[PDB]
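Undergrad: Sharing upload_29.cif below, mmCIF, N, CA, C and O atoms:
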data_coords
loop_
_atom_site.label_atom_id
_atom_site.label_comp_id
_atom_site.auth_asym_id
_atom_site.auth_seq_id
_atom_site.Cartn_x
_atom_site.Cartn_y
_atom_site.Cartn_z
N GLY A 1 128.24 97.96 87.91
CA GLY A 1 126.92 98.62 87.64
C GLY A 1 125.72 97.76 88.04
O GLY A 1 124.71 97.77 87.32
N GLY A 2 125.84 97.03 89.14
CA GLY A 2 124.78 96.14 89.59
C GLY A 2 124.51 96.35 91.06
O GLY A 2 125.43 96.60 91.85
N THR A 3 123.23 96.28 91.43
CA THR A 3 122.82 96.68 92.77
C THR A 3 121.87 95.68 93.38
O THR A 3 120.94 95.22 92.71
N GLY A 4 122.05 95.40 94.68
CA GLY A 4 121.21 94.42 95.34
C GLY A 4 119.83 95.04 95.53
O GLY A 4 119.68 96.26 95.54
N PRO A 5 118.81 94.21 95.74
CA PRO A 5 117.44 94.73 95.74
C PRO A 5 117.19 95.72 96.87
O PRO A 5 117.67 95.53 97.99
N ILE A 6 116.37 96.72 96.60
CA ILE A 6 115.97 97.71 97.60
C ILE A 6 114.44 97.72 97.67
O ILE A 6 113.78 97.84 96.64
N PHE A 7 113.89 97.62 98.87
CA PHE A 7 112.45 97.79 99.05
C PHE A 7 112.14 99.27 99.17
O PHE A 7 112.46 99.89 100.18
N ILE A 8 111.51 99.84 98.14
CA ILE A 8 111.00 101.21 98.21
C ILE A 8 109.73 101.27 99.06
O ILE A 8 109.53 102.21 99.82
N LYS A 9 108.87 100.26 98.94
CA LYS A 9 107.73 100.06 99.83
C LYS A 9 107.80 98.62 100.36
O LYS A 9 107.85 97.67 99.57
N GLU A 10 107.89 98.49 101.68
CA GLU A 10 107.91 97.25 102.41
C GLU A 10 106.47 96.81 102.65
O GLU A 10 105.53 97.61 102.61
N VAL A 11 106.30 95.50 102.86
CA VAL A 11 104.96 94.98 103.09
C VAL A 11 104.40 95.56 104.40
O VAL A 11 105.12 95.72 105.39
N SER A 12 103.11 95.84 104.40
CA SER A 12 102.39 96.38 105.54
C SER A 12 101.53 95.30 106.17
O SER A 12 101.12 94.35 105.50
N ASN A 13 101.32 95.42 107.48
CA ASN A 13 100.36 94.59 108.19
C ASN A 13 98.97 94.84 107.64
O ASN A 13 98.68 95.87 107.04
N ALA A 14 98.11 93.85 107.82
CA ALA A 14 96.76 93.93 107.32
C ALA A 14 95.81 93.15 108.23
O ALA A 14 96.19 92.13 108.80
N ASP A 15 94.58 93.64 108.34
CA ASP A 15 93.48 92.92 108.99
C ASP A 15 92.34 92.75 108.01
O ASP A 15 91.88 93.72 107.41
N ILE A 16 91.88 91.52 107.87
CA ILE A 16 90.97 91.13 106.81
C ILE A 16 89.89 90.22 107.39
O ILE A 16 90.19 89.32 108.19
N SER A 17 88.65 90.44 106.99
CA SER A 17 87.59 89.54 107.42
C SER A 17 87.68 88.26 106.62
O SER A 17 87.77 88.28 105.39
N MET A 18 87.57 87.15 107.34
CA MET A 18 87.60 85.83 106.74
C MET A 18 86.67 85.79 105.54
O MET A 18 85.57 86.34 105.57
N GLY A 19 87.12 85.07 104.50
CA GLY A 19 86.42 85.01 103.24
C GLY A 19 86.74 86.13 102.26
O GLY A 19 86.58 85.93 101.06
N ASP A 20 87.18 87.29 102.74
CA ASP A 20 87.52 88.35 101.81
C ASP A 20 88.90 88.12 101.17
O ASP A 20 89.71 87.32 101.64
N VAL A 21 89.18 88.91 100.15
CA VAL A 21 90.48 88.91 99.49
C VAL A 21 91.45 89.71 100.35
O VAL A 21 91.09 90.75 100.90
N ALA A 22 92.67 89.20 100.49
CA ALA A 22 93.77 89.90 101.14
C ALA A 22 94.88 90.15 100.11
O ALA A 22 95.22 89.25 99.34
N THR A 23 95.45 91.35 100.09
CA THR A 23 96.58 91.61 99.20
C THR A 23 97.70 92.25 99.99
O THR A 23 97.48 93.24 100.68
N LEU A 24 98.91 91.69 99.85
CA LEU A 24 100.14 92.24 100.40
C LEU A 24 101.04 92.73 99.26
O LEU A 24 101.22 92.05 98.24
N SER A 25 101.62 93.92 99.43
CA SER A 25 102.24 94.67 98.34
C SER A 25 103.57 95.24 98.79
O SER A 25 103.73 95.63 99.94
N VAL A 26 104.53 95.23 97.87
CA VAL A 26 105.85 95.83 98.05
C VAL A 26 106.17 96.57 96.76
O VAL A 26 105.55 96.35 95.71
N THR A 27 107.17 97.44 96.83
CA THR A 27 107.74 98.08 95.65
C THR A 27 109.23 97.85 95.76
O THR A 27 109.79 98.08 96.83
N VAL A 28 109.85 97.32 94.71
CA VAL A 28 111.22 96.84 94.83
C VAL A 28 112.02 97.35 93.65
O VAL A 28 111.50 97.41 92.55
N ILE A 29 113.29 97.71 93.88
CA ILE A 29 114.17 98.01 92.75
C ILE A 29 115.51 97.28 92.91
O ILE A 29 115.90 96.87 94.01
N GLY A 30 116.21 97.09 91.78
CA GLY A 30 117.54 96.45 91.73
C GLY A 30 118.06 96.24 90.31
O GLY A 30 117.28 96.38 89.40
N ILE A 31 119.35 95.90 90.15
CA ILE A 31 120.00 95.59 88.85
C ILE A 31 120.82 94.31 89.02
O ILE A 31 121.69 94.29 89.83
N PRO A 32 120.55 93.19 88.34
CA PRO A 32 119.36 93.02 87.50
C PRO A 32 117.98 93.14 88.18
O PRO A 32 117.90 93.21 89.33
N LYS A 33 116.88 93.22 87.43
CA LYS A 33 115.56 93.43 88.06
C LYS A 33 115.34 92.31 89.07
O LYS A 33 115.51 91.16 88.71
N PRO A 34 115.05 92.60 90.34
CA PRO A 34 114.96 91.52 91.30
C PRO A 34 113.80 90.52 91.16
O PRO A 34 112.77 90.93 90.73
N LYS A 35 114.04 89.24 91.41
CA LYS A 35 112.95 88.29 91.56
C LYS A 35 112.34 88.44 92.94
O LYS A 35 113.05 88.59 93.94
N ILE A 36 111.01 88.31 93.01
CA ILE A 36 110.26 88.50 94.24
C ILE A 36 109.70 87.14 94.62
O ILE A 36 109.15 86.45 93.77
N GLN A 37 109.89 86.70 95.85
CA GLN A 37 109.31 85.46 96.38
C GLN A 37 108.61 85.78 97.69
O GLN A 37 108.72 86.86 98.13
N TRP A 38 107.76 84.91 98.16
CA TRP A 38 106.95 85.17 99.36
C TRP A 38 107.02 83.95 100.26
O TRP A 38 107.23 82.95 99.74
N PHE A 39 106.99 84.14 101.56
CA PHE A 39 107.00 83.08 102.58
C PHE A 39 105.84 83.30 103.55
O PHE A 39 105.46 84.40 103.75
N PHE A 40 105.25 82.24 104.05
CA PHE A 40 104.22 82.26 105.09
C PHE A 40 104.76 81.52 106.30
O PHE A 40 105.17 80.37 106.18
N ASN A 41 104.87 82.22 107.43
CA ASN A 41 105.48 81.68 108.64
C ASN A 41 106.76 80.91 108.33
O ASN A 41 106.96 79.79 108.77
N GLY A 42 107.62 81.52 107.54
CA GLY A 42 108.93 80.95 107.29
C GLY A 42 109.06 79.95 106.16
O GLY A 42 110.18 79.51 105.89
N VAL A 43 107.98 79.58 105.49
CA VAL A 43 108.01 78.56 104.43
C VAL A 43 107.68 79.25 103.10
O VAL A 43 106.66 79.95 102.98
N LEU A 44 108.53 79.01 102.10
CA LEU A 44 108.34 79.59 100.78
C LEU A 44 107.01 79.16 100.18
O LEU A 44 106.65 77.99 100.20
N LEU A 45 106.31 80.10 99.61
CA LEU A 45 105.06 79.81 98.94
C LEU A 45 105.33 79.53 97.46
O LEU A 45 106.13 80.21 96.82
N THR A 46 104.71 78.47 96.96
CA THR A 46 104.74 78.08 95.55
C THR A 46 103.38 78.30 94.90
O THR A 46 102.39 78.56 95.58
N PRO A 47 103.30 78.18 93.57
CA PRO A 47 102.04 78.47 92.86
C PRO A 47 100.89 77.61 93.36
O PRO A 47 101.04 76.42 93.65
N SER A 48 99.71 78.23 93.45
CA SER A 48 98.58 77.55 94.04
C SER A 48 97.28 78.17 93.55
O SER A 48 97.25 79.30 93.07
N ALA A 49 96.20 77.42 93.74
CA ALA A 49 94.87 77.93 93.47
C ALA A 49 94.44 78.95 94.51
O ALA A 49 93.56 79.77 94.24
N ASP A 50 95.12 78.98 95.67
CA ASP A 50 94.68 79.86 96.76
C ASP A 50 95.20 81.29 96.68
O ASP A 50 94.57 82.21 97.24
N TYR A 51 96.32 81.52 96.02
CA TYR A 51 96.84 82.87 95.96
C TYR A 51 97.42 83.15 94.58
O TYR A 51 97.69 82.25 93.80
N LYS A 52 97.55 84.43 94.26
CA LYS A 52 98.17 84.85 93.01
C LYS A 52 99.33 85.79 93.31
O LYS A 52 99.27 86.59 94.26
N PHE A 53 100.39 85.65 92.51
CA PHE A 53 101.54 86.56 92.52
C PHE A 53 101.40 87.49 91.32
O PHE A 53 101.37 87.03 90.18
N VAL A 54 101.33 88.80 91.56
CA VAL A 54 101.12 89.74 90.47
C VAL A 54 102.16 90.85 90.56
O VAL A 54 102.70 91.16 91.63
N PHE A 55 102.46 91.44 89.41
CA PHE A 55 103.43 92.52 89.33
C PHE A 55 102.95 93.54 88.31
O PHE A 55 102.22 93.23 87.36
N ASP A 56 103.34 94.78 88.56
CA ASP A 56 103.04 95.91 87.70
C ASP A 56 104.22 96.87 87.80
O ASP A 56 104.33 97.60 88.78
N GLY A 57 105.06 96.91 86.77
CA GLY A 57 106.21 97.79 86.86
C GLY A 57 107.13 97.33 87.98
O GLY A 57 107.66 96.21 87.96
N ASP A 58 107.42 98.19 88.95
CA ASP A 58 108.22 97.80 90.10
C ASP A 58 107.38 97.28 91.28
O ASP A 58 107.93 96.88 92.30
N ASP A 59 106.07 97.28 91.17
CA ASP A 59 105.19 96.89 92.27
C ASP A 59 104.87 95.40 92.18
O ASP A 59 104.59 94.89 91.09
N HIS A 60 104.91 94.71 93.32
CA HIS A 60 104.53 93.30 93.38
C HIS A 60 103.54 93.08 94.50
O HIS A 60 103.64 93.71 95.56
N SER A 61 102.58 92.18 94.26
CA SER A 61 101.55 91.88 95.23
C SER A 61 101.36 90.38 95.38
O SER A 61 101.47 89.62 94.43
N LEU A 62 101.07 89.96 96.60
CA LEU A 62 100.57 88.63 96.87
C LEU A 62 99.07 88.77 97.14
O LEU A 62 98.66 89.53 98.03
N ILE A 63 98.25 88.06 96.39
CA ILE A 63 96.81 88.17 96.57
C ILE A 63 96.30 86.83 97.10
O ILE A 63 96.43 85.81 96.44
N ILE A 64 95.65 86.86 98.26
CA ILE A 64 95.03 85.64 98.81
C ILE A 64 93.55 85.74 98.51
O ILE A 64 92.88 86.68 98.96
N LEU A 65 93.06 84.82 97.70
CA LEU A 65 91.78 85.00 96.99
C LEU A 65 90.57 84.93 97.93
O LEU A 65 89.60 85.70 97.77
N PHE A 66 90.53 83.93 98.81
CA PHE A 66 89.42 83.78 99.77
C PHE A 66 90.06 83.41 101.12
O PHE A 66 90.42 82.25 101.31
N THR A 67 90.28 84.39 102.00
CA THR A 67 91.07 84.11 103.20
C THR A 67 90.34 83.10 104.11
O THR A 67 89.11 83.15 104.26
N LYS A 68 91.09 82.13 104.61
CA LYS A 68 90.69 81.25 105.69
C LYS A 68 91.35 81.71 106.99
O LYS A 68 92.35 82.45 106.99
N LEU A 69 90.81 81.21 108.11
CA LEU A 69 91.40 81.52 109.41
C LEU A 69 92.87 81.12 109.44
O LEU A 69 93.72 81.84 109.99
N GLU A 70 93.19 80.01 108.79
CA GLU A 70 94.56 79.51 108.75
C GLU A 70 95.52 80.35 107.85
O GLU A 70 96.69 80.00 107.74
N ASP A 71 95.05 81.38 107.18
CA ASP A 71 95.93 82.24 106.42
C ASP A 71 96.54 83.33 107.29
O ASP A 71 97.43 84.05 106.83
N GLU A 72 96.08 83.45 108.54
CA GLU A 72 96.64 84.43 109.45
C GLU A 72 98.06 84.06 109.79
O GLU A 72 98.36 82.91 110.08
N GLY A 73 98.95 85.06 109.80
CA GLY A 73 100.33 84.78 110.09
C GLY A 73 101.29 85.80 109.50
O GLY A 73 100.92 86.85 109.02
N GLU A 74 102.55 85.45 109.58
CA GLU A 74 103.61 86.34 109.19
C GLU A 74 104.03 86.03 107.76
O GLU A 74 104.47 84.91 107.48
N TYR A 75 103.95 87.01 106.90
CA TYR A 75 104.35 86.90 105.49
C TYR A 75 105.64 87.68 105.26
O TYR A 75 105.74 88.77 105.71
N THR A 76 106.58 87.10 104.56
CA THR A 76 107.88 87.72 104.25
C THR A 76 108.05 87.86 102.73
O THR A 76 107.94 86.89 102.07
N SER A 77 108.29 89.04 102.19
CA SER A 77 108.64 89.24 100.77
C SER A 77 110.16 89.15 100.70
O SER A 77 110.78 89.67 101.59
N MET A 78 110.71 88.49 99.71
CA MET A 78 112.17 88.43 99.51
C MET A 78 112.49 88.89 98.11
O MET A 78 111.91 88.42 97.24
N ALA A 79 113.35 89.86 97.95
CA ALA A 79 113.83 90.30 96.64
C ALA A 79 115.23 89.74 96.48
O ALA A 79 115.97 89.81 97.39
N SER A 80 115.51 89.14 95.35
CA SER A 80 116.79 88.48 95.10
C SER A 80 117.34 88.84 93.72
O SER A 80 116.59 88.91 92.83
N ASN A 81 118.62 89.11 93.59
CA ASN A 81 119.31 89.29 92.28
C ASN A 81 120.75 88.82 92.49
O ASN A 81 121.07 88.37 93.57
N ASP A 82 121.57 88.89 91.45
CA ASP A 82 122.93 88.38 91.55
C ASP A 82 123.77 89.11 92.58
O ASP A 82 124.74 88.55 93.08
N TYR A 83 123.37 90.31 92.99
CA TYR A 83 124.19 91.10 93.89
C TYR A 83 123.63 91.19 95.29
O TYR A 83 124.16 91.94 96.11
N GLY A 84 122.58 90.46 95.60
CA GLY A 84 122.11 90.48 96.97
C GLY A 84 120.70 89.98 97.14
O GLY A 84 120.01 89.54 96.18
N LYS A 85 120.29 90.04 98.40
CA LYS A 85 118.93 89.71 98.78
C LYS A 85 118.50 90.55 99.98
O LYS A 85 119.26 90.73 100.93
N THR A 86 117.20 90.83 100.01
CA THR A 86 116.59 91.66 101.01
C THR A 86 115.23 91.07 101.32
O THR A 86 114.54 90.60 100.42
N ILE A 87 114.85 91.17 102.59
CA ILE A 87 113.57 90.64 103.11
C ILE A 87 112.86 91.69 103.98
O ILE A 87 113.56 92.42 104.67
N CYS A 88 111.55 91.77 103.88
CA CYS A 88 110.66 92.63 104.70
C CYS A 88 109.52 91.72 105.14
O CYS A 88 109.21 90.84 104.40
N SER A 89 108.95 91.94 106.30
CA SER A 89 107.91 91.06 106.85
C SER A 89 106.77 91.86 107.45
O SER A 89 106.98 92.98 107.85
N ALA A 90 105.59 91.28 107.45
CA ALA A 90 104.39 91.85 108.03
C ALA A 90 103.46 90.74 108.51
O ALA A 90 103.62 89.57 108.15
N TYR A 91 102.43 91.14 109.24
CA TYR A 91 101.48 90.20 109.84
C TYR A 91 100.11 90.41 109.24
O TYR A 91 99.60 91.53 109.24
N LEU A 92 99.52 89.35 108.74
CA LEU A 92 98.15 89.38 108.23
C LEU A 92 97.25 88.71 109.25
O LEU A 92 97.41 87.51 109.50
N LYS A 93 96.34 89.48 109.83
CA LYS A 93 95.35 89.01 110.79
C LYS A 93 94.06 88.73 110.05
O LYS A 93 93.67 89.50 109.17
N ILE A 94 93.44 87.57 110.33
CA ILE A 94 92.16 87.21 109.72
C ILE A 94 91.10 87.22 110.83
O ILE A 94 91.04 86.28 111.63
N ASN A 95 90.16 88.17 110.75
CA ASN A 95 89.07 88.33 111.72
C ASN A 95 88.03 87.27 111.43
O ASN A 95 87.25 87.39 110.47
N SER A 96 88.01 86.20 112.22
CA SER A 96 87.12 85.10 111.95
C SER A 96 86.03 84.95 113.01
O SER A 96 86.17 85.41 114.15
N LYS A 97 84.99 84.22 112.62
CA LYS A 97 83.85 83.86 113.47
C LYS A 97 83.65 82.36 113.32
O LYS A 97 84.03 81.77 112.30
N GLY A 98 83.09 81.74 114.33
CA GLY A 98 82.71 80.35 114.17
C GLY A 98 82.77 79.58 115.48
O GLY A 98 82.69 80.15 116.57
N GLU A 99 82.95 78.27 115.31
CA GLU A 99 82.75 77.28 116.35
C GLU A 99 83.97 76.38 116.34
O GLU A 99 84.35 75.86 115.29
N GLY A 100 84.59 76.22 117.50
CA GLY A 100 85.88 75.55 117.63
C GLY A 100 86.81 76.40 118.48
O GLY A 100 86.42 77.49 118.93
#
Could you spell out this file's structure in structure tokens?

TA:
Amino acid sequence: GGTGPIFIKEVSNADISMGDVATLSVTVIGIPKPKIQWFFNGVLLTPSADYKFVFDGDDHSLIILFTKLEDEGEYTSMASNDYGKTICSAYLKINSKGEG
């Protein structure tokens, strides 16, 4: 009676103006309830002042509080439980201005 995680809503690509808040969202189900983790260009993200991990029911979001140009890239959500793991990926583009 246990099931590996299923993404009901996979992460979507996003375009965000530098300095604004960016949020990436998935909807996930599984038994046991799946743990959700996030990666940026292949590296697992850990707790930080720069982003928040939030959940509501089955919905999970990664919130990037004040986007920098360097936040542009490929983000991967991973759902994990005792019976499996699943990953979905999207690209966050940061529309920046400046010198350099």

Undergrad: Around the point (105.1, 84.2, 101.6), in the coordinates given by the file, pick out the residues reaching within 6 Å, counting all atoms listed in the file, and return them as a ChimeraX atom specification.

TA: /A:37-40,43-45,74-77

Undergrad: Hey, which of A:64, A:98, A:80, A:33 ends up closest to residue 19 (chain A)? Count all atoms listed in the file.

TA: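 Closest to residue 19 (chain A) of all the choices is A:64.
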
Undergrad: Hey, what comes out of the PyMOL selection byres ((chain A and resi 8-12) around 7) on this file? Could you write it as a count of residues only?

TA: 18

Undergrad: With distances taken over only C-alpha atoms, which of A:68, A:15, A:83, A:32 is nearest to residue 97 (chain A)?

TA: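 The shortest atom-to-atom distance to residue 97 (chain A) comes from A:68.
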
Undergrad: Using only N, CA, C and O atoms, pick whichever of A:36, A:56, A:21, A:1 has the shortest atom-to-atom distance to residue 86 (chain A).

TA: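 Of A:36, A:56, A:21, A:1, the one nearest residue 86 (chain A), counting only N, CA, C and O atoms, is A:36.
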
Undergrad: Written as a ChimeraX atom specification, what is the full residue list that the PyMOL selection byres ((chain A and resi 63) around 6) yields on the file shown?

TA: /A:22-24,50-54,61-62,64-65

Undergrad: Residues of the last selection are to be written out with N, CA, C and O atoms, as a short mmCIF file (atom, residue, chain, number, x, y, z; two decimals), keeping the file's coordinate frame.

TA:
data_model
loop_
_atom_site.label_atom_id
_atom_site.label_comp_id
_atom_site.auth_asym_id
_atom_site.auth_seq_id
_atom_site.Cartn_x
_atom_site.Cartn_y
_atom_site.Cartn_z
N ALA A 22 92.67 89.20 100.49
CA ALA A 22 93.77 89.90 101.14
C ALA A 22 94.88 90.15 100.11
O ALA A 22 95.22 89.25 99.34
N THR A 23 95.45 91.35 100.09
CA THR A 23 96.58 91.61 99.20
C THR A 23 97.70 92.25 99.99
O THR A 23 97.48 93.24 100.68
N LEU A 24 98.91 91.69 99.85
CA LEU A 24 100.14 92.24 100.40
C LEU A 24 101.04 92.73 99.26
O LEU A 24 101.22 92.05 98.24
N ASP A 50 95.12 78.98 95.67
CA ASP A 50 94.68 79.86 96.76
C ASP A 50 95.20 81.29 96.68
O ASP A 50 94.57 82.21 97.24
N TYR A 51 96.32 81.52 96.02
CA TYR A 51 96.84 82.87 95.96
C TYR A 51 97.42 83.15 94.58
O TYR A 51 97.69 82.25 93.80
N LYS A 52 97.55 84.43 94.26
CA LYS A 52 98.17 84.85 93.01
C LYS A 52 99.33 85.79 93.31
O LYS A 52 99.27 86.59 94.26
N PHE A 53 100.39 85.65 92.51
CA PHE A 53 101.54 86.56 92.52
C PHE A 53 101.40 87.49 91.32
O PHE A 53 101.37 87.03 90.18
N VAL A 54 101.33 88.80 91.56
CA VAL A 54 101.12 89.74 90.47
C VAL A 54 102.16 90.85 90.56
O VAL A 54 102.70 91.16 91.63
N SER A 61 102.58 92.18 94.26
CA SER A 61 101.55 91.88 95.23
C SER A 61 101.36 90.38 95.38
O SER A 61 101.47 89.62 94.43
N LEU A 62 101.07 89.96 96.60
CA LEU A 62 100.57 88.63 96.87
C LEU A 62 99.07 88.77 97.14
O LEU A 62 98.66 89.53 98.03
N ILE A 64 95.65 86.86 98.26
CA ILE A 64 95.03 85.64 98.81
C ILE A 64 93.55 85.74 98.51
O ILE A 64 92.88 86.68 98.96
N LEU A 65 93.06 84.82 97.70
CA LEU A 65 91.78 85.00 96.99
C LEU A 65 90.57 84.93 97.93
O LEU A 65 89.60 85.70 97.77
#

Undergrad: Any idea what the distance is between atom O of residue 78 (chain A) and atom N of residue 49 (chain A)?

TA: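 Here the two named atoms are 19.5 Å from each other.
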